Each structure stands twice: as structure tokens, then as C-alpha cells.
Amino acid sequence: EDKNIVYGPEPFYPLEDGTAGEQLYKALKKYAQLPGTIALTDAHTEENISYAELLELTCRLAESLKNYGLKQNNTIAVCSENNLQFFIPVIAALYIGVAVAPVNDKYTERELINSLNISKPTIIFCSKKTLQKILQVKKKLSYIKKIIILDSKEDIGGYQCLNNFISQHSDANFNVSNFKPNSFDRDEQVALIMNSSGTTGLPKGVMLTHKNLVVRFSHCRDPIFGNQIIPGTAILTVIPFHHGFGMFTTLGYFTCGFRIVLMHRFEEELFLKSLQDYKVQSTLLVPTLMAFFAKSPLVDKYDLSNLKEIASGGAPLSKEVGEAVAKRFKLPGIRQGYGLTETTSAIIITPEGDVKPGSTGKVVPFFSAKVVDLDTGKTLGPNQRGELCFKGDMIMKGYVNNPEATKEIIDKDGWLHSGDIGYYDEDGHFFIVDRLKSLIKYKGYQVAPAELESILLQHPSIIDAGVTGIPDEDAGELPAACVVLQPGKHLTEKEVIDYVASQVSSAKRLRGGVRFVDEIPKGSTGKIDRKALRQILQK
């Protein structure tokens, strides 16, 4: 019973007191006192914000927000591509106990309206690139009182820039050294409102508390579960800051004093040059970029000798792709994490000294996990596939103003049901099979796209893959694949089909065929768009 529940270990050291704003303040202040430390670096522009500058900006903005009239448990929003200024309003709000609602900068107007109607922010911090769409929607949304432009040094058309907002609402002689963030009940006060559709339904707002965040801050500094690079090391992330994957990794990087090199769009040459030129030792990727590291000839053109911590998350990573990356970079293994918006951050992480190729790691401190039978709901033992469920101190407070949806994902016993199929081995390493809804319904079988995608990615001419079921009169769904070929290489549909058939049981064959495409349709955290795949595989 409880014999089959898997528990994270003790944290290496106990949880630090204080709110997430108090812990961020202490960390920014520490690094600001060491000469030359840099917090944020824009790979496209080479512009930096130092830890000293970030401390100044976040404290001055917090004071400005208080004088503007914001109180604890008011809400602001941030709608912006990854840039140097994104986290200035995030951290300032956490200082004063104002909830932060990051909003996808690529949202349509209708998606924007639906997200903002949940969080109802009083102020929206936008970028030059999102200003127009935020202006459009604001006309319909009475609760928005103020727009602030993050990355302009001048006001635009009646809308104020960040620097002029701070100048208006704080005294120029404001003493940063004495500023103190607010103390409040970290178990109750919401820190972030993040967008997630969850296991079913329309997009919702996930409430994460300051307690959820400081538990993440415990993990990221933990000698076993944390990043294995020392303060001041350069780390390069390609993950959108408005998603939990990018939000709670990047916030943790500040507490570690890393130099965070960011991009607002991925470009292969700039990515590699940036790893080389900033002597990057750690990088945070999605599986498509792991395949790039494993297979691209471009990698050999750059000096990547400093890179030693290569991390993936967001979607299933093929065992063989991870092994190929580790081999090519002469590393003992790769780093991986698994989590959901609803669990704040990764709740399974590859621990220091403990790698198992194909496994996304072990349960983190302050968490427990179980695997439940899809039919009975009974708890399963090792090497038995079922739905992964989790309990621990980063589980969300719930969905904003949606207790019904909250109860559908967190059961009456307190377990969050992830919607993912997986298993754990005799040593506690967890393996993610696929999202339950992604399984292909071929007759009475359930075939996992990630299993077929992993085989496809074993082929030396295949650099990306996406598998789904296409509709079929007789069988319901036929497994079918979109394949991206390495430039200069050639494969026929028949070659790909036979390659897979030689390795899989009859039910898993690509009876729906293969299409060759220039890119797999995937989201910004690696989620494969199965509907987009079907549209290609029907045409």
C-alpha cells in the first residue's frame, strides 16, 4: 500500500525562512556587493543588467508600485517576450506581496482576453512588441488601469515607459540599501498566476504561493537536486519566461547568482556562439534541441568545452538522444526534470551522482509520488505503468475562481493526477511514457507516440519526429509519423516504415504512413501539436 508510495529524500539543509520576495532580495543584495556580477544578458543585443542594477530596479519599482497604490494581493500582469526587463516587475511584485500573472506574448486577442479575465490585473507591463495588442484588448477590459512599457526609454503615444513610471513614483535619492521587502504569510499569499489548461477543459489560472516558490528555491540550491554550477557561472536558457518551466528555473537562477543568458527566439548559430563566447557551463533545453546537440554538424564549429550541465524538460526525451548528447560532449550524463504548471516546477529531477538513461530522475525533497492503475486506481509497484500522481509542498493552491476544476485534478485524498503515464524502477528512477491523451487508439491497443518517436530519432538521418494517430474507418486510428531529415540526407517513406517495423510489435507499426516536413509543430516548452500533425498527415 504505502509500500508502493515513493518519497523524496530530506532536503540537504532545512527550508529557509521568509517569503519568496525576501529570499530574492537577499540574493540580489549579496551578488550586488561583488564587483562586476551580471544577472541577465541578452544574446541578441549583448546588453546586460548587473546584479547591482537589478537590485536597484526591483527595489525602486517596488517602492513605486506602493506609492502608485498597490497593496498586498493586488495583481499585475507581464506580457512580453524573453528580455532583460521581464523579471523587474516579477521580482518587485514579490517584494510587496502582489500576485504576478505572466501572459503568453504570442496569444491572440481572444486568448489574451480569456487569460486576463481570470487574473484581472490592475497594471500590465508589456514590451514594445506587445504594446499594440495590449492596447487593443484594454479597451474591452475595465479592470486594467495602467500600461507600462518595459523596454522603451521613452513614453509611446500616451503610454508610460518603465523608467518614467519609476521616476514619477519614487524619489531619485531613494535609499536602496535600506529598502526591505514585506513579510506576510507565505503559505497563503499567491505569488504567481500561471496559465494551464490542465487535464481537461479551457485554459485556467494556476495559483502558486510564496511557499511553493521557496520550496523551489530550496531545490535549486540543494547540493543533490540543484544546478551543479557555482555562483557567477553563465547559464543559457531558451525557455519562455511566461511558462512555469521558464519562470521557476529562471527565478531560481537569481538565488544562485548565475549570469543568465537569454534569447527571445532560438537561432542555431547565435545559440552556439553564445554558449562559446560567454563560456556557458549549463543550458536549459527542450528535446528537439537535445537532438540538435546530438546530431548537428554545426556543433563541431564552436568551442563548447565549458558546457557540462545539459538539461531537458517539458516533453518526453528519448533515452538514446540523451545518451548521444552525453557521449558527444564527453559527459557522464545529462540533466532532466519533469513537472507541471500545477506542481510549480520539476518534481522529478536527475540527482547528483545518480543517472539512469531514459529516466527523468527521482522524486524531489518535500514530495511523494505514486503510480495508479488506469482501470482500478490501485497503487502500483515498480516497473508497472499507470498514471503518475503527486503530493507535496509545490502543489498549487488551486485554479483561480474554479474550485470545480481544482477538485478534478486534486483528488479527495490530496493527490494531484498528472494525466501522464509512467513507471518507476526498483531504485526509484521514474520514466515518462507519454501523456495519456496522446496515446494512439489503434483498435483495442494504446500506442505511445514517444516510443515511436524515440525509434525514429535513433536513425542517423532523422533529426526530429512527431507521431500521432490518423483517423481510420476500421481501426479507429493508425499510427503515422512526421519526420524531419538532416539536411543533405535522404530517406523514403518505405525505409522509415520498415525501420520502425523491425523494432516494434505489430500494433505499433506506422500503418498511417510517413510524411517528411521541414519542422515538427511543437509549442515553446516542447509539446508536440498532435492536431497539427494530423492535418499534415491528412493533406
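Start at 1 and count along the sequence shown; that's the residue number.
Engineer: Compare the mean C-alpha B-factor of 344-352 with that of 401-409 as given in the PDB entry, and name the stretch with the higher value.
Structural biologist: Mean C-alpha B-factor is greater for 401-409.
Engineer: Averaging only over Cα atoms, indicate whether 241-249 or 425-433 has the higher B-factor in the PDB entry.
Structural biologist: If you average the C-alpha B-factors of 241-249 and of 425-433, the larger mean comes out for 425-433.
Engineer: Of the options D464, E451, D222, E269, which has the highest CA B factor as deposited?
Structural biologist: The record points to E269.
Engineer: By the entry's C-alpha temperature factors, tell me which of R216, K308, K129, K362 sits highest.
Structural biologist: Among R216, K308, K129, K362, the PDB entry lists the largest C-alpha B-factor for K129.
Engineer: Taking the values exactly as deposited, rank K133 by C-alpha B-factor within its chain and report the matching third: lowest, middle or highest.
Structural biologist: For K133, whose C-alpha B-factor we compare with every modelled residue in the chain, the answer is the highest third.
Engineer: Taking the chain's C-alpha temperature factors as the reference, tell me which third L162 falls into: lowest, middle or highest.
Structural biologist: Middle third by C-alpha B-factor.
Engineer: Among the chain's modelled residues, which third holds the C-alpha B-factor of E387?
Structural biologist: Bottom third by C-alpha B-factor.
Engineer: Among the chain's modelled residues, which third holds the C-alpha B-factor of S50?
Structural biologist: Middle third by C-alpha B-factor.
Engineer: Where does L61 sit by CA temperature factor within its chain: lowest, middle or highest third?
Structural biologist: Middle third by C-alpha B-factor.
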